[PDB]
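Peer 1: Just my_file.cif, nothing more (mmCIF, N, CA and C atoms):
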data_coords
loop_
_atom_site.label_atom_id
_atom_site.label_comp_id
_atom_site.auth_asym_id
_atom_site.auth_seq_id
_atom_site.Cartn_x
_atom_site.Cartn_y
_atom_site.Cartn_z
N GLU A 1 -8.46 1.62 1.54
CA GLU A 1 -7.78 0.51 0.85
C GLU A 1 -6.74 -0.16 1.76
N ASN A 2 -6.65 -1.47 1.70
CA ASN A 2 -5.74 -2.30 2.47
C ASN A 2 -4.71 -2.98 1.56
N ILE A 3 -3.51 -3.07 2.12
CA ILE A 3 -2.39 -3.68 1.41
C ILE A 3 -1.83 -4.72 2.34
N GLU A 4 -1.77 -5.97 1.91
CA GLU A 4 -1.21 -7.03 2.77
C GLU A 4 0.29 -7.19 2.52
N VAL A 5 1.03 -7.29 3.61
CA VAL A 5 2.48 -7.42 3.58
C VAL A 5 2.85 -8.67 4.37
N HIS A 6 3.66 -9.52 3.78
CA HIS A 6 4.12 -10.74 4.43
C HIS A 6 5.51 -10.54 5.03
N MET A 7 5.68 -11.10 6.19
CA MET A 7 6.95 -11.08 6.94
C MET A 7 7.42 -12.54 6.83
N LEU A 8 8.48 -12.71 6.08
CA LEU A 8 9.12 -13.95 5.71
C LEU A 8 10.62 -14.08 6.02
N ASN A 9 10.97 -15.34 6.32
CA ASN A 9 12.37 -15.65 6.59
C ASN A 9 13.15 -15.70 5.30
N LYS A 10 12.45 -15.97 4.22
CA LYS A 10 13.11 -16.06 2.90
C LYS A 10 12.13 -15.60 1.85
N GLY A 11 12.57 -14.82 0.90
CA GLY A 11 11.69 -14.31 -0.18
C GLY A 11 12.51 -14.06 -1.43
N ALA A 12 11.92 -13.36 -2.39
CA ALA A 12 12.65 -13.12 -3.63
C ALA A 12 13.97 -12.42 -3.42
N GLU A 13 14.02 -11.49 -2.47
CA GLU A 13 15.20 -10.70 -2.19
C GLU A 13 16.16 -11.44 -1.27
N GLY A 14 15.81 -12.57 -0.74
CA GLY A 14 16.76 -13.27 0.13
C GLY A 14 16.13 -13.51 1.48
N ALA A 15 16.98 -13.53 2.49
CA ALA A 15 16.56 -13.77 3.85
C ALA A 15 16.06 -12.52 4.56
N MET A 16 15.06 -12.75 5.36
CA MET A 16 14.41 -11.81 6.24
C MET A 16 13.84 -10.65 5.44
N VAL A 17 12.72 -10.86 4.79
CA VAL A 17 12.16 -9.80 3.98
C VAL A 17 10.70 -9.53 4.27
N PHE A 18 10.30 -8.35 3.82
CA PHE A 18 8.92 -7.91 3.84
C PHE A 18 8.54 -8.03 2.35
N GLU A 19 7.38 -8.58 2.01
CA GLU A 19 6.92 -8.66 0.63
C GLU A 19 5.50 -8.10 0.54
N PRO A 20 5.25 -6.99 -0.12
CA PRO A 20 6.21 -6.17 -0.80
C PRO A 20 7.04 -5.34 0.16
N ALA A 21 8.19 -4.84 -0.28
CA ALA A 21 9.07 -4.04 0.60
C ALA A 21 8.82 -2.57 0.28
N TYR A 22 7.99 -2.36 -0.74
CA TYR A 22 7.61 -1.01 -1.21
C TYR A 22 6.09 -0.94 -1.24
N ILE A 23 5.56 -0.06 -0.40
CA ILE A 23 4.11 0.04 -0.28
C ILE A 23 3.71 1.44 -0.64
N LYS A 24 2.86 1.55 -1.66
CA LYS A 24 2.39 2.91 -2.07
C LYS A 24 1.01 3.02 -1.39
N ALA A 25 0.79 4.04 -0.59
CA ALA A 25 -0.49 4.17 0.11
C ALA A 25 -0.91 5.63 0.13
N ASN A 26 -2.15 5.82 0.55
CA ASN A 26 -2.82 7.09 0.67
C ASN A 26 -3.32 7.28 2.09
N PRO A 27 -3.39 8.54 2.50
CA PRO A 27 -3.88 8.80 3.87
C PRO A 27 -5.16 8.01 4.10
N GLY A 28 -5.28 7.32 5.21
CA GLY A 28 -6.50 6.57 5.48
C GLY A 28 -6.29 5.13 5.10
N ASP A 29 -5.37 4.77 4.22
CA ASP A 29 -5.20 3.33 3.92
C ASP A 29 -4.67 2.56 5.10
N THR A 30 -4.80 1.24 5.07
CA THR A 30 -4.28 0.38 6.14
C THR A 30 -3.26 -0.56 5.49
N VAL A 31 -2.26 -0.88 6.25
CA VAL A 31 -1.20 -1.81 5.81
C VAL A 31 -1.25 -2.94 6.84
N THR A 32 -1.54 -4.13 6.34
CA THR A 32 -1.62 -5.30 7.21
C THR A 32 -0.37 -6.15 7.04
N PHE A 33 0.36 -6.24 8.13
CA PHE A 33 1.60 -7.01 8.19
C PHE A 33 1.24 -8.40 8.71
N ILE A 34 1.49 -9.41 7.90
CA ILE A 34 1.21 -10.79 8.22
C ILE A 34 2.48 -11.59 8.42
N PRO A 35 2.63 -12.10 9.62
CA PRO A 35 3.81 -12.93 9.98
C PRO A 35 3.65 -14.34 9.43
N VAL A 36 4.03 -14.46 8.16
CA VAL A 36 3.96 -15.74 7.45
C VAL A 36 4.89 -16.67 8.23
N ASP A 37 6.07 -16.20 8.51
CA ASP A 37 7.02 -16.96 9.32
C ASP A 37 7.00 -16.30 10.69
N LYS A 38 7.32 -17.09 11.71
CA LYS A 38 7.34 -16.54 13.07
C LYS A 38 8.69 -15.88 13.32
N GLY A 39 8.68 -15.02 14.34
CA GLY A 39 9.89 -14.31 14.72
C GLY A 39 9.94 -12.88 14.19
N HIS A 40 8.90 -12.42 13.55
CA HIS A 40 8.86 -11.07 12.98
C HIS A 40 7.85 -10.15 13.65
N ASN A 41 8.11 -8.86 13.46
CA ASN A 41 7.21 -7.81 13.97
C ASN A 41 7.47 -6.64 13.01
N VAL A 42 6.86 -5.52 13.30
CA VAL A 42 7.06 -4.31 12.47
C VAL A 42 7.22 -3.17 13.46
N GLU A 43 8.19 -2.33 13.18
CA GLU A 43 8.49 -1.18 14.01
C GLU A 43 8.95 -0.01 13.15
N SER A 44 8.40 1.16 13.49
CA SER A 44 8.78 2.38 12.74
C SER A 44 10.24 2.66 13.16
N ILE A 45 11.05 3.13 12.23
CA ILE A 45 12.45 3.45 12.52
C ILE A 45 12.45 4.94 12.94
N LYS A 46 13.21 5.17 14.02
CA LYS A 46 13.30 6.56 14.55
C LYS A 46 13.83 7.53 13.49
N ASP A 47 13.15 8.65 13.36
CA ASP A 47 13.48 9.71 12.42
C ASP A 47 13.28 9.24 10.98
N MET A 48 12.63 8.11 10.80
CA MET A 48 12.38 7.67 9.43
C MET A 48 10.90 7.46 9.14
N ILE A 49 10.09 8.27 9.80
CA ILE A 49 8.64 8.36 9.59
C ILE A 49 8.41 9.87 9.48
N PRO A 50 7.37 10.29 8.78
CA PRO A 50 7.08 11.70 8.56
C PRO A 50 6.82 12.48 9.83
N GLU A 51 7.04 13.79 9.71
CA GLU A 51 6.79 14.72 10.81
C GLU A 51 5.32 14.56 11.24
N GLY A 52 5.09 14.19 12.49
CA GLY A 52 3.71 14.06 12.96
C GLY A 52 3.04 12.70 12.97
N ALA A 53 3.73 11.74 12.36
CA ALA A 53 3.22 10.37 12.31
C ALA A 53 3.55 9.88 13.73
N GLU A 54 2.81 8.91 14.15
CA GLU A 54 3.01 8.28 15.45
C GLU A 54 3.85 7.01 15.20
N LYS A 55 4.81 6.82 16.07
CA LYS A 55 5.75 5.72 16.14
C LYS A 55 4.92 4.48 16.40
N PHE A 56 5.32 3.31 15.94
CA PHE A 56 4.55 2.09 16.16
C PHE A 56 5.53 0.92 16.26
N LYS A 57 5.00 -0.12 16.86
CA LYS A 57 5.82 -1.32 17.04
C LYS A 57 4.88 -2.44 17.42
N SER A 58 4.78 -3.44 16.60
CA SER A 58 3.91 -4.57 16.82
C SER A 58 4.69 -5.59 17.66
N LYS A 59 3.92 -6.55 18.17
CA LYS A 59 4.51 -7.62 18.97
C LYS A 59 4.94 -8.74 18.01
N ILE A 60 6.02 -9.41 18.32
CA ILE A 60 6.52 -10.54 17.52
C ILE A 60 5.37 -11.51 17.26
N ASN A 61 5.22 -11.96 16.04
CA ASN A 61 4.26 -12.91 15.53
C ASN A 61 2.81 -12.49 15.41
N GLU A 62 2.52 -11.24 15.77
CA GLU A 62 1.14 -10.76 15.65
C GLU A 62 0.92 -10.02 14.32
N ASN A 63 -0.32 -10.16 13.89
CA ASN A 63 -0.89 -9.56 12.70
C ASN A 63 -1.07 -8.09 13.12
N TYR A 64 -0.36 -7.20 12.48
CA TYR A 64 -0.43 -5.78 12.81
C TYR A 64 -1.07 -4.98 11.68
N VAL A 65 -2.09 -4.19 12.04
CA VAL A 65 -2.78 -3.38 11.06
C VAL A 65 -2.34 -1.93 11.31
N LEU A 66 -1.60 -1.40 10.35
CA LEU A 66 -1.16 -0.02 10.45
C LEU A 66 -2.12 0.89 9.68
N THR A 67 -2.61 1.95 10.31
CA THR A 67 -3.43 2.94 9.61
C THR A 67 -2.48 4.09 9.23
N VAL A 68 -2.36 4.44 7.96
CA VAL A 68 -1.45 5.51 7.59
C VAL A 68 -2.26 6.80 7.35
N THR A 69 -1.81 7.83 8.04
CA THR A 69 -2.49 9.13 7.92
C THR A 69 -1.64 10.20 7.24
N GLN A 70 -0.50 10.44 7.85
CA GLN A 70 0.46 11.45 7.36
C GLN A 70 1.20 11.10 6.09
N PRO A 71 1.14 11.96 5.09
CA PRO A 71 1.88 11.72 3.85
C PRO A 71 3.39 11.76 4.17
N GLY A 72 4.16 11.16 3.29
CA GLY A 72 5.62 11.11 3.42
C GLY A 72 5.97 9.61 3.35
N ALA A 73 7.26 9.41 3.58
CA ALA A 73 7.88 8.08 3.55
C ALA A 73 8.05 7.61 4.97
N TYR A 74 7.89 6.29 5.10
CA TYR A 74 8.04 5.61 6.36
C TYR A 74 8.99 4.43 6.13
N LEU A 75 10.05 4.36 6.91
CA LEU A 75 10.95 3.20 6.76
C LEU A 75 10.60 2.38 8.01
N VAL A 76 10.18 1.14 7.80
CA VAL A 76 9.84 0.25 8.90
C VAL A 76 10.85 -0.90 8.85
N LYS A 77 11.04 -1.49 10.04
CA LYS A 77 11.96 -2.60 10.14
C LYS A 77 11.24 -3.68 10.95
N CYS A 78 11.86 -4.83 10.82
CA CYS A 78 11.45 -5.99 11.62
C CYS A 78 12.48 -5.83 12.76
N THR A 79 12.10 -5.66 13.99
CA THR A 79 13.04 -5.44 15.10
C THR A 79 14.21 -6.40 15.17
N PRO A 80 13.97 -7.69 15.38
CA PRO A 80 15.05 -8.65 15.44
C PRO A 80 15.95 -8.72 14.23
N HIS A 81 15.31 -8.59 13.04
CA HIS A 81 16.04 -8.71 11.78
C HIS A 81 16.41 -7.45 11.00
N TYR A 82 16.34 -6.27 11.54
CA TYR A 82 16.73 -5.05 10.85
C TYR A 82 18.12 -5.10 10.24
N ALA A 83 19.05 -5.61 11.04
CA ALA A 83 20.48 -5.74 10.68
C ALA A 83 20.69 -6.70 9.52
N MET A 84 19.74 -7.61 9.34
CA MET A 84 19.83 -8.57 8.23
C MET A 84 19.11 -8.04 7.01
N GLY A 85 18.66 -6.80 7.15
CA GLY A 85 18.02 -6.03 6.10
C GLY A 85 16.52 -6.10 5.96
N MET A 86 15.86 -6.49 7.03
CA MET A 86 14.40 -6.58 6.94
C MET A 86 13.70 -5.24 7.17
N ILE A 87 13.40 -4.61 6.05
CA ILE A 87 12.71 -3.30 6.09
C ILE A 87 11.72 -3.24 4.95
N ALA A 88 10.83 -2.26 5.05
CA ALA A 88 9.83 -1.95 4.05
C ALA A 88 9.73 -0.41 4.01
N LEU A 89 9.44 0.08 2.83
CA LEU A 89 9.30 1.53 2.68
C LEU A 89 7.84 1.73 2.29
N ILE A 90 7.16 2.55 3.05
CA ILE A 90 5.77 2.92 2.84
C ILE A 90 5.79 4.37 2.32
N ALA A 91 5.24 4.57 1.15
CA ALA A 91 5.22 5.92 0.55
C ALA A 91 3.76 6.35 0.58
N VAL A 92 3.46 7.37 1.36
CA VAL A 92 2.07 7.85 1.49
C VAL A 92 2.01 9.18 0.76
N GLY A 93 1.19 9.16 -0.28
CA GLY A 93 0.98 10.35 -1.11
C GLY A 93 2.14 10.42 -2.08
N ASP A 94 2.05 11.51 -2.81
CA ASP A 94 3.02 11.89 -3.85
C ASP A 94 4.24 12.62 -3.32
N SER A 95 5.35 12.42 -4.00
CA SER A 95 6.63 13.07 -3.66
C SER A 95 6.91 13.23 -2.17
N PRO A 96 7.07 12.09 -1.49
CA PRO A 96 7.31 12.11 -0.03
C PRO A 96 8.40 13.11 0.23
N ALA A 97 8.11 14.12 1.01
CA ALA A 97 9.09 15.17 1.30
C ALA A 97 10.32 14.65 2.04
N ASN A 98 10.17 13.55 2.79
CA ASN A 98 11.31 13.08 3.58
C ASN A 98 12.02 11.90 3.00
N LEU A 99 11.74 11.57 1.76
CA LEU A 99 12.40 10.42 1.12
C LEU A 99 13.90 10.64 0.93
N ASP A 100 14.41 11.75 0.47
CA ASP A 100 15.86 11.93 0.32
C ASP A 100 16.59 11.79 1.65
N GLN A 101 15.98 12.31 2.70
CA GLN A 101 16.51 12.24 4.06
C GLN A 101 16.66 10.78 4.54
N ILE A 102 15.60 9.99 4.38
CA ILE A 102 15.60 8.56 4.74
C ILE A 102 16.71 7.87 3.95
N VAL A 103 16.81 8.13 2.66
CA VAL A 103 17.84 7.51 1.81
C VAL A 103 19.24 7.80 2.34
N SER A 104 19.43 9.02 2.81
CA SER A 104 20.68 9.49 3.35
C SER A 104 21.02 9.08 4.78
N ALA A 105 20.01 8.76 5.55
CA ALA A 105 20.17 8.44 6.97
C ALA A 105 21.09 7.27 7.26
N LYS A 106 21.68 7.33 8.44
CA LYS A 106 22.55 6.24 8.89
C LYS A 106 21.69 4.99 9.11
N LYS A 107 22.09 3.89 8.50
CA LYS A 107 21.44 2.55 8.57
C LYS A 107 22.40 1.45 8.10
N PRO A 108 22.15 0.19 8.48
CA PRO A 108 23.01 -0.93 8.07
C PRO A 108 23.17 -0.95 6.56
N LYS A 109 24.37 -1.41 6.14
CA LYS A 109 24.70 -1.45 4.70
C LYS A 109 23.71 -2.27 3.89
N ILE A 110 23.33 -3.40 4.49
CA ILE A 110 22.38 -4.31 3.84
C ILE A 110 21.02 -3.64 3.72
N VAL A 111 20.73 -2.90 4.79
CA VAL A 111 19.45 -2.18 4.80
C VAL A 111 19.48 -1.22 3.62
N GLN A 112 20.60 -0.46 3.58
CA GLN A 112 20.79 0.55 2.52
C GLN A 112 20.67 -0.12 1.18
N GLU A 113 21.26 -1.27 0.95
CA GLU A 113 21.15 -1.90 -0.38
C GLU A 113 19.73 -2.23 -0.73
N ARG A 114 19.06 -2.85 0.24
CA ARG A 114 17.65 -3.18 -0.02
C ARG A 114 16.83 -1.91 -0.24
N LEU A 115 17.09 -0.86 0.50
CA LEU A 115 16.35 0.38 0.32
C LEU A 115 16.49 0.97 -1.09
N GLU A 116 17.75 0.95 -1.53
CA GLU A 116 18.10 1.47 -2.86
C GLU A 116 17.41 0.67 -3.94
N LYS A 117 17.41 -0.63 -3.74
CA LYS A 117 16.73 -1.48 -4.71
C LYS A 117 15.23 -1.21 -4.74
N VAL A 118 14.55 -1.24 -3.60
CA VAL A 118 13.09 -1.01 -3.62
C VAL A 118 12.79 0.32 -4.30
N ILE A 119 13.55 1.33 -3.96
CA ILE A 119 13.36 2.64 -4.54
C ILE A 119 13.65 2.71 -6.03
N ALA A 120 14.70 2.02 -6.44
CA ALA A 120 15.11 2.01 -7.86
C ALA A 120 13.97 1.51 -8.75
N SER A 121 13.37 0.46 -8.23
CA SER A 121 12.26 -0.31 -8.75
C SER A 121 10.91 0.40 -8.72
N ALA A 122 10.80 1.55 -8.07
CA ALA A 122 9.56 2.33 -7.98
C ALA A 122 9.63 3.64 -8.77
#
Show me the file's structure as structure tokens.

Peer 2:
Amino acid sequence: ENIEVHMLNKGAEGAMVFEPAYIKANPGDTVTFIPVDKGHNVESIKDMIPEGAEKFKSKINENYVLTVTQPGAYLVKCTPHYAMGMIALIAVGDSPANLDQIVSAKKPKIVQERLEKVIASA
């Protein structure tokens, strides 16, 4: 199964967002990041991907297809815009073992607010 994600300068949540910012997936699913607006990419945040997942980072403005294998939570950011709160949370499988850790991890305040919201909403 594939889930399309748009990288936008403006969305329901404000400036610099991923839509959806919450992706529920299963091992083997693919997540396609589409740069609706230019200037975006997708990058795994260090220590915010599950044990054993491979780190990734797409090139600015390219359509990136992520294959998710390892269950757990993945916090991804848009490199240039992370500080402006551009992140998405990918939850692979049930009860991501590393979700409390990601929630607790050091990250920008805006990031934290958006994270809390996406999670609250799931």

Peer 1: From the list A:105, A:73, A:53, A:7, which residue is nearest residue A:36 when using all atoms listed in the file?

Peer 2: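 Looking at the shortest contact to residue A:36, the residue is A:7.
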
Peer 1: May I ask for the distance between atom CA of residue A:65 and atom CA of residue A:104, given in Å to one decimal place?

Peer 2: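 Going from atom CA of residue A:65 over to atom CA of residue A:104 covers 27.8 Å.
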
Peer 1: Would you please work out which residue, of A:22, A:116, A:17, A:32, is nearest to residue A:5 when using all atoms listed in the file?

Peer 2: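 Once distances to residue A:5 are computed over all atoms listed in the file, the minimum belongs to A:32.
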
Peer 1: Kindly resolve the PyMOL selection byres ((chain A and resi 3) around 5) on the present coordinates and return the residues as number ranges by chain.

Peer 2: A: 1-2, 4-5, 30-32

Peer 1: If we count only N, CA and C atoms and set the cut-off at 6 Å, which residues sit around residue A:75, ignoring sequence neighbours fewer than 2 positions away in its own chain? Please answer as a list in words.

Peer 2: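 Everything that qualifies: residues 43, 44, 45, 48, 49, 73, 77, 88, 89 and 90 of chain A.
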
Peer 1: Would you give me, as a PDB file with N, CA and C atoms, keeping the file's coordinate frame, the residues in chain A that DSSP reads as strand (DSSP E)?

Peer 2:
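The file below, selection.pdb, is the result:
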ATOM      1  N   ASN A   2      -6.650  -1.470   1.700  1.00  0.00           N
ATOM      2  CA  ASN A   2      -5.740  -2.300   2.470  1.00  0.00           C
ATOM      3  C   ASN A   2      -4.710  -2.980   1.560  1.00  0.00           C
ATOM      4  N   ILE A   3      -3.510  -3.070   2.120  1.00  0.00           N
ATOM      5  CA  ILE A   3      -2.390  -3.680   1.410  1.00  0.00           C
ATOM      6  C   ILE A   3      -1.830  -4.720   2.340  1.00  0.00           C
ATOM      7  N   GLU A   4      -1.770  -5.970   1.910  1.00  0.00           N
ATOM      8  CA  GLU A   4      -1.210  -7.030   2.770  1.00  0.00           C
ATOM      9  C   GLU A   4       0.290  -7.190   2.520  1.00  0.00           C
ATOM     10  N   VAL A   5       1.030  -7.290   3.610  1.00  0.00           N
ATOM     11  CA  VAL A   5       2.480  -7.420   3.580  1.00  0.00           C
ATOM     12  C   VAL A   5       2.850  -8.670   4.370  1.00  0.00           C
ATOM     13  N   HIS A   6       3.660  -9.520   3.780  1.00  0.00           N
ATOM     14  CA  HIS A   6       4.120 -10.740   4.430  1.00  0.00           C
ATOM     15  C   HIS A   6       5.510 -10.540   5.030  1.00  0.00           C
ATOM     16  N   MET A   7       5.680 -11.100   6.190  1.00  0.00           N
ATOM     17  CA  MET A   7       6.950 -11.080   6.940  1.00  0.00           C
ATOM     18  C   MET A   7       7.420 -12.540   6.830  1.00  0.00           C
ATOM     19  N   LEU A   8       8.480 -12.710   6.080  1.00  0.00           N
ATOM     20  CA  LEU A   8       9.120 -13.950   5.710  1.00  0.00           C
ATOM     21  C   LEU A   8      10.620 -14.080   6.020  1.00  0.00           C
ATOM     22  N   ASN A   9      10.970 -15.340   6.320  1.00  0.00           N
ATOM     23  CA  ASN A   9      12.370 -15.650   6.590  1.00  0.00           C
ATOM     24  C   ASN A   9      13.150 -15.700   5.300  1.00  0.00           C
ATOM     25  N   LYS A  10      12.450 -15.970   4.220  1.00  0.00           N
ATOM     26  CA  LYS A  10      13.110 -16.060   2.900  1.00  0.00           C
ATOM     27  C   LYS A  10      12.130 -15.600   1.850  1.00  0.00           C
ATOM     28  N   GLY A  11      12.570 -14.820   0.900  1.00  0.00           N
ATOM     29  CA  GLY A  11      11.690 -14.310  -0.180  1.00  0.00           C
ATOM     30  C   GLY A  11      12.510 -14.060  -1.430  1.00  0.00           C
ATOM     31  N   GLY A  14      15.810 -12.570  -0.740  1.00  0.00           N
ATOM     32  CA  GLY A  14      16.760 -13.270   0.130  1.00  0.00           C
ATOM     33  C   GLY A  14      16.130 -13.510   1.480  1.00  0.00           C
ATOM     34  N   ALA A  15      16.980 -13.530   2.490  1.00  0.00           N
ATOM     35  CA  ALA A  15      16.560 -13.770   3.850  1.00  0.00           C
ATOM     36  C   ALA A  15      16.060 -12.520   4.560  1.00  0.00           C
ATOM     37  N   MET A  16      15.060 -12.750   5.360  1.00  0.00           N
ATOM     38  CA  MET A  16      14.410 -11.810   6.240  1.00  0.00           C
ATOM     39  C   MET A  16      13.840 -10.650   5.440  1.00  0.00           C
ATOM     40  N   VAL A  17      12.720 -10.860   4.790  1.00  0.00           N
ATOM     41  CA  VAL A  17      12.160  -9.800   3.980  1.00  0.00           C
ATOM     42  C   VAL A  17      10.700  -9.530   4.270  1.00  0.00           C
ATOM     43  N   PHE A  18      10.300  -8.350   3.820  1.00  0.00           N
ATOM     44  CA  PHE A  18       8.920  -7.910   3.840  1.00  0.00           C
ATOM     45  C   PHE A  18       8.540  -8.030   2.350  1.00  0.00           C
ATOM     46  N   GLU A  19       7.380  -8.580   2.010  1.00  0.00           N
ATOM     47  CA  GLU A  19       6.920  -8.660   0.630  1.00  0.00           C
ATOM     48  C   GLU A  19       5.500  -8.100   0.540  1.00  0.00           C
ATOM     49  N   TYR A  22       7.990  -2.360  -0.740  1.00  0.00           N
ATOM     50  CA  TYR A  22       7.610  -1.010  -1.210  1.00  0.00           C
ATOM     51  C   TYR A  22       6.090  -0.940  -1.240  1.00  0.00           C
ATOM     52  N   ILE A  23       5.560  -0.060  -0.400  1.00  0.00           N
ATOM     53  CA  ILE A  23       4.110   0.040  -0.280  1.00  0.00           C
ATOM     54  C   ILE A  23       3.710   1.440  -0.640  1.00  0.00           C
ATOM     55  N   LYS A  24       2.860   1.550  -1.660  1.00  0.00           N
ATOM     56  CA  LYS A  24       2.390   2.910  -2.070  1.00  0.00           C
ATOM     57  C   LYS A  24       1.010   3.020  -1.390  1.00  0.00           C
ATOM     58  N   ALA A  25       0.790   4.040  -0.590  1.00  0.00           N
ATOM     59  CA  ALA A  25      -0.490   4.170   0.110  1.00  0.00           C
ATOM     60  C   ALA A  25      -0.910   5.630   0.130  1.00  0.00           C
ATOM     61  N   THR A  30      -4.800   1.240   5.070  1.00  0.00           N
ATOM     62  CA  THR A  30      -4.280   0.380   6.140  1.00  0.00           C
ATOM     63  C   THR A  30      -3.260  -0.560   5.490  1.00  0.00           C
ATOM     64  N   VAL A  31      -2.260  -0.880   6.250  1.00  0.00           N
ATOM     65  CA  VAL A  31      -1.200  -1.810   5.810  1.00  0.00           C
ATOM     66  C   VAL A  31      -1.250  -2.940   6.840  1.00  0.00           C
ATOM     67  N   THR A  32      -1.540  -4.130   6.340  1.00  0.00           N
ATOM     68  CA  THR A  32      -1.620  -5.300   7.210  1.00  0.00           C
ATOM     69  C   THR A  32      -0.370  -6.150   7.040  1.00  0.00           C
ATOM     70  N   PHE A  33       0.360  -6.240   8.130  1.00  0.00           N
ATOM     71  CA  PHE A  33       1.600  -7.010   8.190  1.00  0.00           C
ATOM     72  C   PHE A  33       1.240  -8.400   8.710  1.00  0.00           C
ATOM     73  N   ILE A  34       1.490  -9.410   7.900  1.00  0.00           N
ATOM     74  CA  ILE A  34       1.210 -10.790   8.220  1.00  0.00           C
ATOM     75  C   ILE A  34       2.480 -11.590   8.420  1.00  0.00           C
ATOM     76  N   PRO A  35       2.630 -12.100   9.620  1.00  0.00           N
ATOM     77  CA  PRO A  35       3.810 -12.930   9.980  1.00  0.00           C
ATOM     78  C   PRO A  35       3.650 -14.340   9.430  1.00  0.00           C
ATOM     79  N   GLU A  43       8.190  -2.330  13.180  1.00  0.00           N
ATOM     80  CA  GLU A  43       8.490  -1.180  14.010  1.00  0.00           C
ATOM     81  C   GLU A  43       8.950  -0.010  13.150  1.00  0.00           C
ATOM     82  N   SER A  44       8.400   1.160  13.490  1.00  0.00           N
ATOM     83  CA  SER A  44       8.780   2.380  12.740  1.00  0.00           C
ATOM     84  C   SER A  44      10.240   2.660  13.160  1.00  0.00           C
ATOM     85  N   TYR A  64      -0.360  -7.200  12.480  1.00  0.00           N
ATOM     86  CA  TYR A  64      -0.430  -5.780  12.810  1.00  0.00           C
ATOM     87  C   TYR A  64      -1.070  -4.980  11.680  1.00  0.00           C
ATOM     88  N   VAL A  65      -2.090  -4.190  12.040  1.00  0.00           N
ATOM     89  CA  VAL A  65      -2.780  -3.380  11.060  1.00  0.00           C
ATOM     90  C   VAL A  65      -2.340  -1.930  11.310  1.00  0.00           C
ATOM     91  N   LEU A  66      -1.600  -1.400  10.350  1.00  0.00           N
ATOM     92  CA  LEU A  66      -1.160  -0.020  10.450  1.00  0.00           C
ATOM     93  C   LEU A  66      -2.120   0.890   9.680  1.00  0.00           C
ATOM     94  N   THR A  67      -2.610   1.950  10.310  1.00  0.00           N
ATOM     95  CA  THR A  67      -3.430   2.940   9.610  1.00  0.00           C
ATOM     96  C   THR A  67      -2.480   4.090   9.230  1.00  0.00           C
ATOM     97  N   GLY A  72       4.160  11.160   3.290  1.00  0.00           N
ATOM     98  CA  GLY A  72       5.620  11.110   3.420  1.00  0.00           C
ATOM     99  C   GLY A  72       5.970   9.610   3.350  1.00  0.00           C
ATOM    100  N   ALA A  73       7.260   9.410   3.580  1.00  0.00           N
ATOM    101  CA  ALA A  73       7.880   8.080   3.550  1.00  0.00           C
ATOM    102  C   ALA A  73       8.050   7.610   4.970  1.00  0.00           C
ATOM    103  N   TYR A  74       7.890   6.290   5.100  1.00  0.00           N
ATOM    104  CA  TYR A  74       8.040   5.610   6.360  1.00  0.00           C
ATOM    105  C   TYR A  74       8.990   4.430   6.130  1.00  0.00           C
ATOM    106  N   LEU A  75      10.050   4.360   6.910  1.00  0.00           N
ATOM    107  CA  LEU A  75      10.950   3.200   6.760  1.00  0.00           C
ATOM    108  C   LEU A  75      10.600   2.380   8.010  1.00  0.00           C
ATOM    109  N   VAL A  76      10.180   1.140   7.800  1.00  0.00           N
ATOM    110  CA  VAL A  76       9.840   0.250   8.900  1.00  0.00           C
ATOM    111  C   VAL A  76      10.850  -0.900   8.850  1.00  0.00           C
ATOM    112  N   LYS A  77      11.040  -1.490  10.040  1.00  0.00           N
ATOM    113  CA  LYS A  77      11.960  -2.600  10.140  1.00  0.00           C
ATOM    114  C   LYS A  77      11.240  -3.680  10.950  1.00  0.00           C
ATOM    115  N   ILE A  87      13.400  -4.610   6.050  1.00  0.00           N
ATOM    116  CA  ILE A  87      12.710  -3.300   6.090  1.00  0.00           C
ATOM    117  C   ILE A  87      11.720  -3.240   4.950  1.00  0.00           C
ATOM    118  N   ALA A  88      10.830  -2.260   5.050  1.00  0.00           N
ATOM    119  CA  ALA A  88       9.830  -1.950   4.050  1.00  0.00           C
ATOM    120  C   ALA A  88       9.730  -0.410   4.010  1.00  0.00           C
ATOM    121  N   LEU A  89       9.440   0.080   2.830  1.00  0.00           N
ATOM    122  CA  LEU A  89       9.300   1.530   2.680  1.00  0.00           C
ATOM    123  C   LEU A  89       7.840   1.730   2.290  1.00  0.00           C
ATOM    124  N   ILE A  90       7.160   2.550   3.050  1.00  0.00           N
ATOM    125  CA  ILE A  90       5.770   2.920   2.840  1.00  0.00           C
ATOM    126  C   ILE A  90       5.790   4.370   2.320  1.00  0.00           C
ATOM    127  N   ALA A  91       5.240   4.570   1.150  1.00  0.00           N
ATOM    128  CA  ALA A  91       5.220   5.920   0.550  1.00  0.00           C
ATOM    129  C   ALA A  91       3.760   6.350   0.580  1.00  0.00           C
ATOM    130  N   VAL A  92       3.460   7.370   1.360  1.00  0.00           N
ATOM    131  CA  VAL A  92       2.070   7.850   1.490  1.00  0.00           C
ATOM    132  C   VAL A  92       2.010   9.180   0.760  1.00  0.00           C
TER     133      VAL A  92
END

Peer 1: Written as a ChimeraX atom specification, what is the full residue list that the PyMOL selection byres ((chain A and resi 61) around 5) yields on the file shown?

Peer 2: /A:39-41,59-60,62-63

Peer 1: Report the distance between atom CA of residue A:42 and atom CA of residue A:64 in Å, rounded to one decimal place.

Peer 2: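 The value is 7.6 Å.
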
Peer 1: Nearest residue to residue A:38 out of A:91, A:54, A:24, A:8, using all atoms listed in the file?

Peer 2: A:8

Peer 1: Let's see if you can do this: from backbone DSSP, list all helix (DSSP H, G or I) residues in chain A, as a list in words.

Peer 2: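 Taking chain A and keeping helix (DSSP H, G or I) only, one gets residues 82, 83, 84, 99, 100, 101, 102, 103, 104, 109, 110, 111, 112, 113, 114, 115, 116, 117, 118, 119 and 120 of chain A.
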